[PDB]
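Chemist: Just dropping in an experimental structure and the matching sequence.
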Amino acid sequence: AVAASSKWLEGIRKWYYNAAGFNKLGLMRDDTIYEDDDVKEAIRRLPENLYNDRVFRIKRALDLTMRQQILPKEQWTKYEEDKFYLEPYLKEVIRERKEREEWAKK
Amino acid sequence: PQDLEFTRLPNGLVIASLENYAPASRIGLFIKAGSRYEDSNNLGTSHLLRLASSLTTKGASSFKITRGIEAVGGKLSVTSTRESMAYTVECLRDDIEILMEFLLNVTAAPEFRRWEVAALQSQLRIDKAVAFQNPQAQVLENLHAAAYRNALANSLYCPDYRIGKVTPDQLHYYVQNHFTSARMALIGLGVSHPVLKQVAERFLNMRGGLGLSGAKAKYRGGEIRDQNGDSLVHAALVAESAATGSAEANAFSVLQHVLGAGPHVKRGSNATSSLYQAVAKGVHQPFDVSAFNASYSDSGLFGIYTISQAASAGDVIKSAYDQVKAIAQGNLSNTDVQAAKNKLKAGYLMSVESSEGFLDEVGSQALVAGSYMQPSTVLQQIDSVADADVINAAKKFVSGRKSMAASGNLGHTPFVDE
Amino acid sequence: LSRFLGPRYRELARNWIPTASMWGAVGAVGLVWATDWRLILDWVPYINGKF
Amino acid sequence: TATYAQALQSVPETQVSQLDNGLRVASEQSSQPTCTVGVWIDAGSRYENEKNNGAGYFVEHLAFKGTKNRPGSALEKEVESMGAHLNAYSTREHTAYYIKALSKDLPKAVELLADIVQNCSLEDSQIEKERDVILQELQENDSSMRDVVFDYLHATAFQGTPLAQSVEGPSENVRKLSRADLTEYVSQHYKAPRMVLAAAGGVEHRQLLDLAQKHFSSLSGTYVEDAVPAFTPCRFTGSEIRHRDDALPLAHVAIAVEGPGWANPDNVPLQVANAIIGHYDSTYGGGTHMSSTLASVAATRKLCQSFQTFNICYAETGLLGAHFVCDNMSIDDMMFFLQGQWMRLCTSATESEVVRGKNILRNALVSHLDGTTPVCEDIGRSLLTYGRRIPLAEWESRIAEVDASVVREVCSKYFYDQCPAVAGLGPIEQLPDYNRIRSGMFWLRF
Amino acid sequence: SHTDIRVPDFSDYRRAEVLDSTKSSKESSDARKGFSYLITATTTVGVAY
Amino acid sequence: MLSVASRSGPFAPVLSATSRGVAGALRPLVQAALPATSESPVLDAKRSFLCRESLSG
């Protein structure tokens, strides 16, 4: 939460984004999350058009990896255009699980 | 004592409370909503709104509502008719201020999330099939569709093509236009009067006036037949009568008890029912007859209801209809009008006896008339009905245009023109 | 973590330590019968099992 | 602003009197313009034997159809012309007749009730006509599956006793019950050290007592015919009845252990325990979120249509258990999860679940006493069961004593290694074997 | 009808004193279910072989 | 002012949280089965009759 050196830390976040390479397969950040029972409930709560966009991006990246190839550089996901589409649905599923758990001990 | 405190807020809300000293409390919210306010593009929205009382709201999740009410042993229920919706909460006297906050969240701040509304659509099919195991449920929905062209023709249950397609935006539009403060009555039975008022300014912040202007109901004289495999024939035959809260409506109530409106003795032969004795002169099979009455804010229906075997259905309907003609040309004894007034008075005092019947009686008075009347004022209106007013109500039935609905094996049932 | 901490977790442990020491003491006296544990064989000398 | 404690003290009291006859007279005044008044009798099918098992239900049919002073339909015309209602019922232990009327027609209502229980005519031509109405009612009750299965449970739990027979009787008794069998039944069981005259609503006790001396004192005030019968108890037997029928769409199962009688103090912690198991139906609004474990599971997996727990009491013995309705591929998982809840209460029962079960029972007994007809029935059968009316303040001090270790103790006494009784109505091929049901009464860890 | 269904007599099979169906299942389960279940007692202490 | 349920005959459905779905006031109207042969048929889906609303405690 520093205010003067949050330009330094904005550059480290960009460096780590490029060094990880899901953008070279045309993926977004929320495509790569590990699917536990919590994440599987947020997936089935998505609207139809966002669910269909996610199934095609994953299928295309799984096909590039079978061939040991990547996309042309003009089609790499940019750092400022990655949409965190799954994050508001996941925070609500987790908040409901904490409430069933505080109820069971009290 | 303390008969009732009655207050109108400056934007329409009606608040009424009675302080008993009973161990249990009951609180109800009564709204002018219901199936007469939907048009042909959103049929069945009121049925799904009735089933959605324990979904997530802005102040409590769906887990907290079910767990919080069950922790103190309370109840929550919704009752609807063609013109009204009623939300009721009851528990023990020390817990009632916990359940009041839940009731104001269900009615004044609902959310309608997509994934919860989509899982509820299959409940519409279960609730309708349970209700239609009674053969009177489908006959009485077909009778309202035969009698009207719009508004009161709409059923209480969602149509079959429409199950699966009630959207969250249709639910948001219905509540925003019909659940407003000038259409609402808040009625308390074991609470105080200043505590309900402070509850009332927590939903006086929004939904401030009248809603929209449903249309007048136009009368249609129609017929709906339904051939099926049921073992008995149900049939109903009505005409247009009189609206709730007029001097002719009291005359139709007296005429219902002259003809007969249900038995008083377990397994008794109905010795003082006029309709039952006339049918039993020539029909020696099992049957049942009754007079039917239904009063609304701008119209009413009155007629007869028969249950018979299939080969006897025309004999029963003609014998019953011939008895109403005898009354309409003057044959009406004075000791019969007096015994009908006794059954009507005693039935009214027995129906306000429990806490559920009393709360319903006060809530329907506040929506239609905007006041409360004691049962001694009601009992005077019944005694002021004259014998000529009862004969005049039986002439309005006989000369009026008929509607009909029937179901069963209809191969010996008459058509409405025969 | 706090997913397992609460007044309900060791609630049913306090109900199950009698079902626990019986988990343990039976297996502890089960370990002498199997491999002829001879320094606890005559812990009580009434078992002269070895001839 | 009162409190729940202050409101229980303000409930009016019941006043009990007695005639030289032996008849008891009880009432509760409550300010209203309507009233209910009736007569409760200690008669029932557990007092009949094999030759007259239909007789007490034949007599309830003829009670509203003519006396010596009011022949035929003159009783019907007199009840209806004042706006009153007239009802009856008949269990295995009790019989009632009661009237709902205005609190101005109480002198006429008490005169009508005394004529019914003392001077019923029982004429031969009405007897042959009523024999056909009863034979058609037996066929109508065969299509109610809950009524058939609860009759099976009494026939197998109490096999060789008079508590096994049914209220209506078999069809061959109905066809043979003569007139002399019915007049002998009335002269033997309709006696007044055995009757209670109850009333509730707007009623004065002193006016009710004066009307009882006027109309009821003609009953003979002793036990002549020297019939002092010895009350002999009824054994419980663990056993089973299976009715296989594959053309029915759903299956009905009921399971019971032996419970306590009416006056046993174990009854209050045993219905805090049944309120923790609960009830369910497919039209309920909040499944998968419900506090009961059996209700939350049957809603999530769609395991049944409905279930409910029961606690049925008699003088010396009783039935305690549950009933459920499901399809043919679901019976085995239903019996597994239910027996796992009985065993989790014999051990492991928490203090937070016992607070919820006490709150449910407080609400159920004050909500049952709303109106003059449920109050008048609570007066008339408490005086035949307990000898008095337990006030609501005394029920509340017996509920406050219950804690988690009381519930954990009383459940182990009645459930833990006991032989249950089971009844089933088809399609029941997956109803588990009796050896596998009986093994489900003991545990694995504890 | 279903009211014509009664259980046939099982008194050919019962534990001897429990056949007296007048006394009720309170003293006749204190000492009825155990000695052939002490046959389960010796079938373990002897199962150890 | 007088209710739908005050004059007898128009319909009402009720829904719960813990109790069963109900319909109407005078639908199972008496002297229908009391002259004989009205069998009540069995379900593939429905509610429990007692509604639990009436148990003494």
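Modeler: On my side now, so go ahead. Numbering: from 1, shown residues only, chains lettered A, B, ... in the order given.
Chemist: Over to residue F:50. Which of the three states is it?
Modeler: Following DSSP: H, G, I helix; E, B strand; the rest coil, we place residue F:50 in the coil state.
Chemist: Check what contacts stretch B:5-20 and list those residues.
Modeler: Applying CB atoms under 8 Å, 6 or more residues apart in numbering or on different chains, the set of residues contacting stretch B:5-20 from outside is B:2-4, B:180-193, B:196-197, B:200, B:204, B:208-210, B:362, B:366-367, B:370-372. Quick note: C-beta positions are derived from backbone N, CA and C, even for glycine.
Chemist: Just the buried residues of it, please?
Modeler: Within stretch B:5-20, the residues that count as buried by 16 or more other CB atoms under 10 Å in any protein chain shown are B:5, B:6, B:9, B:12, B:13, B:14, B:15, B:16, B:17, B:18, B:19, B:20.
Chemist: Can you go through the contacts of stretch B:5-20 and name the buried ones?
Modeler: Buried, going by 16+ other CB under 10 Å: B:180-191, B:193, B:196-197, B:200, B:204, B:362, B:366-367, B:372, out of the contacts of stretch B:5-20.
Chemist: Look up the closest residue to residue A:32, ignoring the ones flanking it.
Modeler: Distances taken as CB to CB, 6 or more residues apart in numbering or on different chains place residue A:22 nearest to residue A:32, at 5.3 Å, with adjacent residues excluded.
Chemist: which residues touch that neighbour?
Modeler: So residue A:22 contacts A:28, A:29, A:31, A:32, A:61, A:77 (CB under 8 Å, 6+ apart).
Chemist: Compute the distance between it and chain E, please.
Modeler: 62 Å (CB to the nearest CB, to the nearest Å).
Chemist: looking at this, residue B:225 is in a strand?
Modeler: Yes - counting by three-state DSSP, residue B:225 is part of a strand.
Chemist: give me the beta-bridge partners of it?
Modeler: Beta-bridge pairing of residue B:225 under DSSP bridges involves residue B:406.
Chemist: and it, what does it touch?
Modeler: Going by CB under 8 Å, 6+ apart, the list of residues near residue B:225 reads B:405, B:406, B:407, B:410, B:413.
Chemist: Quick check, the residue in chain A closest to chain D?
Modeler: residue A:106 (7.7 Å; CB to the nearest CB).
Chemist: burial measure for that residue, as a count.
Modeler: The burial count assigned to residue A:106 is 9, neighbours taken as other CB atoms under 10 Å in any protein chain shown.
Chemist: quick revisit: can you tell me which of the contacts of residue B:225 lies closest to residue D:312?
Modeler: If you rank the contacts of residue B:225 by distance to residue D:312 using CB to CB, residue B:407 comes first, at 39.7 Å.
Chemist: so what's that closest one up against?
Modeler: Contacts of residue B:407 by CB under 8 Å, 6+ apart are B:135, B:138, B:139, B:142, B:225, B:226, B:227, B:228, B:230, B:233, B:234, B:235.
Chemist: ok, now residue A:99?
Modeler: Residue A:99 sits in contact with B:61, B:63, B:64, where contact means CB under 8 Å, 6+ apart.
Chemist: how close does residue A:29 get to chain B?
Modeler: In terms of CB to the nearest CB, residue A:29 sits 23 Å off from chain B.
Chemist: ditto for residue C:33
Modeler: If you go by CB to the nearest CB, the gap between residue C:33 and chain B works out to 51 Å.
Chemist: Repeat that for residue D:75.
Modeler: 8 Å.
Chemist: Just the buried ones out of the contacts of residue A:22, please.
Modeler: Among the contacts of residue A:22, those scoring as buried are A:28, A:29, A:31, A:61, A:77 (criterion: 16+ other CB under 10 Å).
Chemist: Let me see the contact set for the first one.
Modeler: Residues counted as contacts of residue A:28 (CB under 8 Å, 6+ apart) are A:22, A:57, A:77, A:82, A:83, A:85.
Chemist: what's the burial count for the nearest residue to the third one once chain neighbours are set aside?
Modeler: If the residues on either side of it in the chain are set aside, residue A:77 comes closest to residue A:23, at 4.1 Å by CB to CB, 6+ apart. Counted with other CB under 10 Å, the neighbours of residue A:23 add up to 19.
Chemist: circling back: could you list which of the contacts of residue A:22 belong to helices?
Modeler: In helices, judged by DSSP state H, the following of the contacts of residue A:22 are found: residue A:61.
Chemist: Name the residue of chain A that lies nearest to chain F.
Modeler: Going by CB to the nearest CB, chain F is nearest to residue A:103 of chain A, at 17.4 Å.
Chemist: Okay then, goodbye and thanks.
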